[PDB]
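Okay, so here's just one chain, in structure tokens, the form solved without this ligand.
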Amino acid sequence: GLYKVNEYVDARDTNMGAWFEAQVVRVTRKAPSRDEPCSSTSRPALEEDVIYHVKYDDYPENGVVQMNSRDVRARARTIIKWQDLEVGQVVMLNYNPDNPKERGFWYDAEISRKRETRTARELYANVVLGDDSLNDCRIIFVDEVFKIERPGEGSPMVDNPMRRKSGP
């Protein structure tokens, strides 16, 4: 457990498929450790199959939930503008899978098309859900869409914290 008691990282829930910036408040090992970590708690890995006790800052009412490193990724603090959106590029946006024209839970989208008119910069992308995907959906949220953190290209949140708290 390498994440600290003040480590608010982006916990991608696999079940609903939605990203939520969750606050790591405790790390525990898959070895006998239910309380505050002790007795040589040095347990790193490539993808740590150890239990990060996080709290969705997007839904504080969920309280402390258990998520592993494979589940909790670093929130890449980079808002991608329309002109930086390009074909093949996957980016995370506040998206309602009930209505693409309204915001909701943070999902992925692979940019398929981009066409600006003098009334608005219009975007159409394959919005990637839990394991599913929604090809050619209007991306209204081009002003506030973040990037997916790639191997090397993934910039960490060292600058001003977001902690978007997506819980309408």
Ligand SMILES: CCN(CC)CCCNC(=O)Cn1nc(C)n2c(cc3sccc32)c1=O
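From 1 onward, residues are counted along the sequence shown.
Same protein, other form: the form deposited with this ligand bound, not shown, and the subject of what follows.
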Is it true that 95, 102 and 141 each have at least one non-hydrogen atom within 4.5 Å of this ligand in the bound PDB entry?
no
Answer with yes or no whether residue 149 is in contact with this ligand in the bound PDB entry, where contact means some heavy atom within 4.5 Å.
no
Given that this ligand is not shown alongside this chain, does residue 62 nevertheless sit within 4.5 Å of it in the bound PDB entry, heavy atom to heavy atom?
yes
Can you check whether residue 56 is within 4.5 Å of this ligand in the bound PDB entry, heavy atom basis?
yes
